[PDB]
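Peer 1:
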Amino acid sequence: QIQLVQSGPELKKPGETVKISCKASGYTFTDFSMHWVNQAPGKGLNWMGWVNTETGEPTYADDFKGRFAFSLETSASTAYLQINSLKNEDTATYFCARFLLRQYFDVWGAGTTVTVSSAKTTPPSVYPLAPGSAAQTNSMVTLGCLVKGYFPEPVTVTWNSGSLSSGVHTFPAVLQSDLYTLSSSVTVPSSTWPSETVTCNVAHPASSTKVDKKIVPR
Amino acid sequence: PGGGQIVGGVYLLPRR
Amino acid sequence: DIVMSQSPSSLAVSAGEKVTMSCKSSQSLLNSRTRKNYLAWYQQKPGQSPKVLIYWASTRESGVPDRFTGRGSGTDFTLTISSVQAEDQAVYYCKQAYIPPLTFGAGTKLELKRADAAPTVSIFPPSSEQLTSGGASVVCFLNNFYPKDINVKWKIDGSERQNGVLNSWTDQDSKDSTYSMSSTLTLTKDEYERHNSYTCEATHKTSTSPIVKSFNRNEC
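Protein chains in written order, with PDB author numbering: chain H, 1 to 52, 52A, 53 to 82, 82A to 82C, 83 to 100, 100A, 101 to 213; chain P, 25 to 40; chain L, 1 to 27, 27A to 27F, 28 to 214.
Quick look at the structure:
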């Protein structure tokens, strides 16, 4: 019913500034305060402050007082968050949430990740992982997709366009000298492979990458 | 509603 | 600035059991006129944004499971999950909104416990495509095991190789409550062309003997 859509992942270098949005839908924007909460990788939530939507006046928490700014566009029912002079510490997710008078958040945005780094955006290499020619046949067979050498983290992976969603395991990407590598496995009955095809769909938007890798035996 | 957006339950009074 | 202290930082329960976690504020979050404590509880699952479970300290949010209960008044509060399910795995945070700045606790991670389970191991030789690039990654999947404690060891022609190995672990499963791992060994096409045997060994708990998976660069 009510929704908050947030801008996509951002990749800025130290010093540069960024600005993200949060569009409200399903309610009268001007009637509820809009808040911002951030979260660094592997950490807790931090209240950043809030913007009075009926007035436009922003209030910032001691920690986010300085280079952070809450903006507004009532006509577009949108709220903006700008972070100037980005430092290799502002790398976090940043959520926007709607606040009720009962003093709690009932609607959140999915969060907008921002990475502050000097590493260069780079396309991934997708390789199909088929078992060995001399591999023994079991009731189930595991197949895999290896996505190596890409940078901006945002990368998605699916199998048979979602048809195969059960029996999948996508591992968190690991960073190694400015380059991430990720892998994904899917397990299906041997009786169905290679009888029925299996392909992994990966996309790395940051580099306009989109490919489907069919998994062929041997 | 739009009359005064309040952040902080300490600033709240019972209905009426 | 009211400080919120949550405990314990982590809790491990098995499905069906009842769990309770505390959260304490540096001062009273009670408004004597409205007579309500402005402490809220949120649930955040991996890759998701937080979702409220309780507000007013003890009022369940509309549409939230009745096995979630908040208690307390003043500075000592608790959140109780009567019968924990697999899909309750997450970090729970409390938040005070009595006096700004709104402050969150550190959170409590809810981990499930289940029957031990050995990982099904699968090993994969480099793809002809990667080999063309002059690179060579060998992949070893160790899926659906429990507990999480597990150590993998690679070996090339019988010798251990620690260099150039990259591992990754998934968060505890949503319906399975198990863990999965991924170990990748990459070498140059050249160094990979000099050896025959490649194997990854998994030492778990479900067996005194390591589960092994090998493949020879010959038949491959």
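Even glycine gets a Cβ: it sits at the ideal position worked out from N, Cα and C.
1. Just checking: is the beta-carbon of H:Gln171 within a distance shorter than 8 Å of some beta-carbon in chain L?
2. Please determine, among H:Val5, H:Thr176 and H:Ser186, the residue with the shortest C-alpha to C-alpha distance to H:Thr77.
3. Would you identify the three-state DSSP class for L:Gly66, choosing helix, strand or coil?
4. For P:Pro25, would you say it is in contact with chain H, using Cβ-to-Cβ distances shorter than 8 Å as the test?
5. From the DSSP output, in three-state form, read off residue 5 of chain P for me.
6. Label H:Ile2 either buried or exposed according to how many other C-beta atoms from any shown protein chain fall within 10 Å of its C-beta, with 16 as the threshold for buried.
7. If you draw a straight line from the alpha carbon of L:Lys39 to that of L:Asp165, how long is it in whole angstroms?
8. Counting along the chain, where does the alpha helix (DSSP H) carrying L:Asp184 start and finish?
9. Is there a Cβ of chain P sitting closer than 8 Å to that of L:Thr53, yes or no?
10. Applying a beta-carbon distance threshold of less than 7 Å, which residues of chain P neighbour L:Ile93?
11. Can you list, in chain order, the residues of its chain with a C-beta nearer than 7 Å to that of H:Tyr175? Leave out the 5 residues immediately preceding and following it.
12. Quick check: L:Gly101 and H:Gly44, are their CB atoms within less than 8 Å of each other?
13. Just the chain H side, please: which residues come within less than 9 Å of L:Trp50 by C-beta, in chain order?
14. Quick check: what's the CA-CA separation for H:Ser33 versus H:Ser21?
15. Spatial neighbours of H:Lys23 within its chain, please: CB distance less than 6 Å, with the 5 preceding and 5 following residues excluded, ordered by chain position.
16. For my contact list, L:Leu160 and L:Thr172 are in at a C-beta cut-off of 8 Å; report their separation, rounded to the angstrom.
17. Please name the residues in the segment 152-169 of chain H whose beta-carbon is closer than 8 Å to at least one beta-carbon of chain L, in chain order.
18. Got a sec: is the Cβ-Cβ distance from L:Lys89 to anything in chain P below 8 Å?
19. When you compare the segment 58-78 of chain H with the segment 108-116 of chain L, are there three or more beta-carbon pairs, one atom per stretch, that lie closer than 8 Å?
20. Could you check whether the Cβ of L:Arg65 sits closer than 8 Å to any Cβ belonging to chain C?
21. Could you check the C-alpha separation between L:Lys45 and L:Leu73 for me, to the nearest Å?
22. Return the Cβ separation of H:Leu80 and H:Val111 in integer angstroms, given the expectation that the two are a contact with Cβ distance under 8 Å.
23. What residues in its chain sit with their C-beta under 8 Å from that of L:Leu96, if we drop five residues either side in the sequence?
24. Could you tell me the distance, in whole angstroms, from the CA atom of L:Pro141 to the CA atom of L:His198?
25. Rounding to the nearest angstrom, what Cα-Cα distance links L:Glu123 and H:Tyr122 in this structure?
26. Between the C-alpha atoms of residue 218 of chain H and H:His199, what's the straight-line distance to the nearest angstrom?
27. What residues match up with L:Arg27F in a beta bridge as DSSP calls it?
28. Between H:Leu138 and H:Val181, how many whole angstroms is the CB-CB distance? I'm expecting something under 8 Å.
29. Below 7 Å on C-beta distance, what does L:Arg61 contact in chain P?
30. Please report the straight-line C-alpha distance between L:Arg65 and L:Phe71, rounded to a whole angstrom.
31. Do H:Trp188 and H:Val136 count as a contact pair if the criterion is CB distance below 8 Å?
32. For H:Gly157, which of helix, strand or coil comes out of DSSP?
33. H:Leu45 by DSSP, collapsed to three states: which one?
34. What are the boundary residues of the beta strand (DSSP E) that includes L:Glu154?
35. For L:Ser171, which three-state DSSP category applies?
36. With 8 Å as the limit, tell me which residues of the segment 57-72 of chain H have their beta carbon closer than that to any beta carbon of chain P; keep them in chain order.
Peer 2: On the basis of the supplied data:
1. yes
2. H:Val5
3. strand
4. yes
5. Since the first and last residues shown for chain P are 25 and 40, residue 5 of chain P lies out of range.
6. When all chains shown are included, H:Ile2 counts as exposed.
7. Those two C-alpha atoms are separated by around 10 Å.
8. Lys183 to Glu187
9. Look at L:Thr53: its C-beta is not under 8 Å from any C-beta on chain P.
10. Chain P residues near L:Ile93: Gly32 and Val34.
11. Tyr145, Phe146, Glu148, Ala168 and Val169
12. yes
13. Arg98, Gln99 and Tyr100
14. 15 Å
15. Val5 and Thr77
16. Their Cβ separation, rounded to whole angstroms, is 22 Å, which puts L:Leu160 and L:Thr172 out of contact at 8 Å.
17. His164, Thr165, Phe166, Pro167, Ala168 and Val169
18. no
19. The segment 58-78 of chain H, when compared against the segment 108-116 of chain L, does not touch it at the 8 Å Cβ threshold.
20. Chain labels in this structure do not include chain C; the protein chains are H, P and L.
21. 14 Å
22. That belief does not hold up - the Cβ atoms of H:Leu80 and H:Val111 are roughly 15 Å apart, past 8 Å.
23. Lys89 and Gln90.
24. Distance between the alpha carbons of L:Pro141 and L:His198: 8 Å.
25. When rounded, the distance between both Cα atoms is 7 Å.
26. No answer is possible for residue 218 of chain H: the residues shown for chain H start at 1 and end at 213.
27. None, per the DSSP bridge assignment.
28. Sure, about 5 Å apart at Cβ, within 8 Å.
29. In chain order: nothing, as chain P lies at least about 26 Å away.
30. 6 Å
31. yes
32. Reduced to three states, the DSSP call for H:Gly157 is helix.
33. Strand, per DSSP.
34. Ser153 to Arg155
35. Here L:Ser171 sits in coil by DSSP.
36. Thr58
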